[PDB]
Amino acid sequence: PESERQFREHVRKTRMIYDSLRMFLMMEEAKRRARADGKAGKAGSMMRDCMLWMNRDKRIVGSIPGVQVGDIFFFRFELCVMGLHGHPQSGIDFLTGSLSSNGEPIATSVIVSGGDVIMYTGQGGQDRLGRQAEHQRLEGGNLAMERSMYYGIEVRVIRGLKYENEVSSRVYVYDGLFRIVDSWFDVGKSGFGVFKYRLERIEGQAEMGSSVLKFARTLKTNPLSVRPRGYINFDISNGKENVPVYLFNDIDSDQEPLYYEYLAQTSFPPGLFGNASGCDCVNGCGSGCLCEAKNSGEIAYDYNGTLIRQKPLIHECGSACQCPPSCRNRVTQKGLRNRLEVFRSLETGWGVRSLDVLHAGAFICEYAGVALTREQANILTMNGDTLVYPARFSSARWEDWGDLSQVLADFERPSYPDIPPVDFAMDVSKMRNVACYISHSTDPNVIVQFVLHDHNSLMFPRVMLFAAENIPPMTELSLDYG
Ligand SMILES: [Zn+2]
Ligand SMILES: [Zn+2]
Ligand SMILES: [Zn+2]
C-alpha cells in the first residue's frame with residue numbers, strides 16, 4: 001500500500017523532530033557525555049507533552065506502522081517516542097487492556113541484550129545493578145509474558161548492543177516479531193526463582209538488523225571470514241583518505257572504479273587560490289564571534305560536529321581563524337573518517353554503503369571532482385562530455401531538519417539568506433572520490449551543503465555530504481541529483 005509510505009513518512013518527520021529537539025537541548029545546556037541520556041529523556045518527555053509520540057496508548061500489538069525491521073535507535077526513550085517500547089528501564093513492556101486476553105495483561109515488547117531463538121529471563125526482584133536478589137513472581141511483566149504465550153501474541157523484540165556510534169554509548173535495533181512458544185520456572189546459582197520464556201521469530205520477515213550490525217562490524221575486523229570472495233580492493237582511495245575505501249563485487253568481474261584516479265578533495269582551476277579575516281576564538285568558536293556573523297548569526301554545527309539545520313552556504317573556520325582544530329566550526333575540513341564500501345549492483349551500476357553507523361546531520365564526506373569555469377565546462381560540453389551540476393542536487397526532502405515549531409510555539413527558524421545559486425560544473429569522469437559512486441534517488445538519505453574552508457570564493461564552494469537520518473550500516477546511500 002501507499003498508506004505504508006504515509007506511515008513511513010510520519011515516522012521520518014517524528015524522528016527529525018526528536019533528534020532536532022535533543023540537539024537543541026544540548027545547545028542550550030552547552031551555551032552555559034552523560035548529558036546525552038538525560039537530554040534524550042527530556043526530549044522524549046517534551047514530545048510526550050505535545051502529543052507527538054506514536055502508539056501512546058500502547059494498544060498496538062505486533063508491527064508499528066512506519067517502523068521497519070533494521071531501524072536503529074540510540075536511546076531507550078527514543079523507543080518510547082516511536083511506540084516500540086514504553087518502559088525505558090524495564091525489559092518487558094505490556095498492555096493491560098483486552099482484545100484477545102480478557103482484559104488480561106499481555107506483553108507487547110521486550111528489550112534483549114546482545115550476546116533465531118531467544119532464551120529470555122523474566123524481570124523483577126533485582127537490585128540497582130540488575131542482580132537477582134529475591135525470588136521472581138508471576139506478576140506484572142512476567143505474567144504478561146505468560147499470557148502472551150497463551151494467546152499467541154506477536155511480541156516486538158528490540159536488541160540492545162554496545163555498538164560504535166557518535167551519539168550515545170549503545171545502539172538499539174528493531175528485529176521484528178517473535179512469539180513466545182514455551183515458559184518455565186528456573187533457578188540460578190544464586191538460588192532465587194526466576195521465570196524463563198522461549199521466543200521464536202515469526203517466519204517470512206526481513207533480515208534482522210542485529211545480524212546486519214554484526215556483519216558490518218565483522219567486515220571492519222575480519223571481512224574475509226564472512227566474504228571470502230568479492231573484495232577486489234580494500235582501499236581504492238589508495239591511502240589518499242585517512243580511512244580505507246572498500247571495493248566489493250560479488251556479481252561479476254567489472255572493476256571500473258579502480259580505473260579512475262582517486263581524488264579525495266575537489267580540484268579547483270589552477271590560479272584561483274590570499275586575503276580574508278578569521279575569528280579570534282582561541283578556545284574554540286562559541287557565540288557572538290565574526291565567523292558566526294558570516295553564518296547569518298548561527299554556527300552550522302553543534303559541539304558534536306553535527307549539522308543543526310540546512311543553510312545555502314557554510315563558512316567554516318580557516319587558517320585566518322585563531323581557534324584550534326577542535327573548534328566546532330571545522331567539521332568538513334577533517335575529510336572522510338567513516339569506513340565506506342563501493343559495491344557492484346544491478347539496478348544501479350555501483351553503489352555506496354557505510355560499515356559505520358551514520359547519525360542524522362552527521363558529515364559523511366566531500367563530493368570530490370574536477371571543478372570547471374564556464375569556459376572550460378562549455379568546451380568539454382561541446383565535445384559531448386557529461387558534467388555534474390551540484391546546483392541541481394536537492395535536499396528539499398529534509399528541509400524540516402532543525403525545525404522545533406511543533407514542540408516550541410515561539411520557535412523561529414534562523415535566517416536562510418537569499419544568495420546567488422552555485423553555477424559551476426564538475427567533471428567526475430577521470431578523477432573522483434567514493435562519493436561519486438553514490439546512486440540517484442528521489443528519496444535520498446543524504447543531503448548536500450555548500451562549504452567554504454580552505455578558500456573564500458563564493459563562486460566555488462565545496463560540495464559536502466551529510467547523513468539526513470540515522471542510517472544503519474549496509475544501507476545504501478542516495479542523493480537526489482535533480
Ligand atoms: Zn569563532
Ligand atoms: Zn572556530
Ligand atoms: Zn573562525
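Hydrogens, waters and symmetry mates are skipped; everything else that's a heavy atom, side chains included, is used. Counting starts at 1 for both ligands and their atoms, in listed order. Numbers here simply count residues along the sequence, with the first being 1.
- Put simply, the side chain of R330 gets close to the backbone of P324: a donor and an acceptor are under 3.5 Å apart.
- The main-chain N or O of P88 is never found under 3.5 Å from a side-chain atom of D93 such that the two would form a donor-acceptor pair.
- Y367 has its ring centre less than 6.0 Å from the ring centre of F393.
- Side-chain contact, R159 with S210: a donor N or O sits under 3.5 Å from an acceptor N or O.
- A salt bridge links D71 with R8: the closest approach of a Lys/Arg side-chain nitrogen to an acidic carboxylate oxygen falls below 4.0 angstrom.
- In summary, the aromatic rings of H359 and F74 are positioned with their centroids too far apart to meet the 6.0 Å limit.
- With a cut-off of 2.8 Å, the protein N/O/S atoms near the Zn ion (ligand 3) add up to 4.
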